[PDB]
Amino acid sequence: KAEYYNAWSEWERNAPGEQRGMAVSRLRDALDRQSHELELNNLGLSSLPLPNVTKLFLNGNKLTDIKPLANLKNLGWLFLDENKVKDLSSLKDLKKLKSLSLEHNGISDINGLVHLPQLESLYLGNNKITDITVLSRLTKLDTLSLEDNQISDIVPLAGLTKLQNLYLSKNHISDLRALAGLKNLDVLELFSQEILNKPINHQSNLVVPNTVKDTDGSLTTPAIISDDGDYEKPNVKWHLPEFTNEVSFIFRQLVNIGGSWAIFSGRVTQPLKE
């Protein structure tokens, strides 16, 4: 009991020249009243110093180390938006966790999340994620937000049949074939994809195969083509008598998956050399 207040005061005294005093006050109130909710939102905390706490609010801080949360096995809801958390293996034993929010954290390695197969909602919007392989194990998710990342391979999502809300806008998605089986979807977002092809040699008669495919595998007909190019399936064609550094084309197609209807929109950019 006394060791808890001692550790909290020692943590507060180590604040750099951050509202650690308010954090200590809230910790004392939660420990005294045996509260199940701990709200430490927007305290600028750069570090961290309760068996009944089930919801932990930590949005709006500067946390990089989440080791002090490793033994909070009663946690059901954990919010860590706008932090700087990069390692997630510290949550491997939070087997009661149902909801997890890690938006605006700049995270690229989400492999540790393979240790939370019971998760029901997962928010990873606005990060640096490319590989979502381990997400294939989270077969109990009904909400998954992956918007504003660098994801190009969404095949790991093909078996997550329980999904009802899926946010995939602002990524590098060009192939929706992996989503064809998610017939339980209610909300789906797929707009503003940015696809970058490998650089190819410039030609006066430039021919670029279209690679944008819908959920049926059919090529998406481009909506706009730069440099007066045209489309004759499967090829986008340009006449470039003078060299230019890049061409591009923008696509926009309505897609229906389950009970969800979404605009699959984006832009493919083709760099040219020589």
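Start at 1 with the first residue shown and count on from there.
Participant: Taking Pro49 and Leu50 as adjacent modelled residues, how many residues of the deposited sequence between them have no coordinates (none, 1 to 3, 4 to 9, 10 or more)?
Facilitator: Unresolved stretch here: 4 to 9 residues.
Participant: Averaging CA B factors per stretch from the PDB record, which one is higher: 122-130 or 79-87?
Facilitator: Mean CA B-factor is higher for 79-87.
Participant: I need to verify one thing: averaged over C-alpha atoms only, is the B-factor higher for 207-215 or for 28-36?
Facilitator: Looking at the record's C-alpha B-factors, the answer is 28-36.
Participant: Per the entry, which of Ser174, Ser192, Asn74, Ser101 tops the list for Cα B factor?
Facilitator: Highest CA B-factor of the listed options: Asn74.
Participant: Using only modelled residues of the chain, where does the Cα B factor of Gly159 rank: lowest third, middle third or highest third?
Facilitator: Within its chain, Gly159 is a middle-third residue by C-alpha B-factor, going by the deposited values.
Participant: Please place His202 in the lowest, middle or highest third of its chain according to the CA B-factor in the PDB entry.
Facilitator: Highest third - that is where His202 ends up once the chain's C-alpha B-factors are sorted.
Participant: Could you look up the Cα B-factor of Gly259 in the entry and say which third of the chain it sits in: lowest, middle or highest?
Facilitator: Its C-alpha B-factor, which the entry lists for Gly259, ranks in the highest third among residues of this chain.
Participant: Please rank the C-alpha B-factors of the chain's modelled residues and tell me whether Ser265 sits in the lowest, middle or highest third.
Facilitator: Within its chain, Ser265 is a lowest-third residue by C-alpha B-factor, going by the deposited values.
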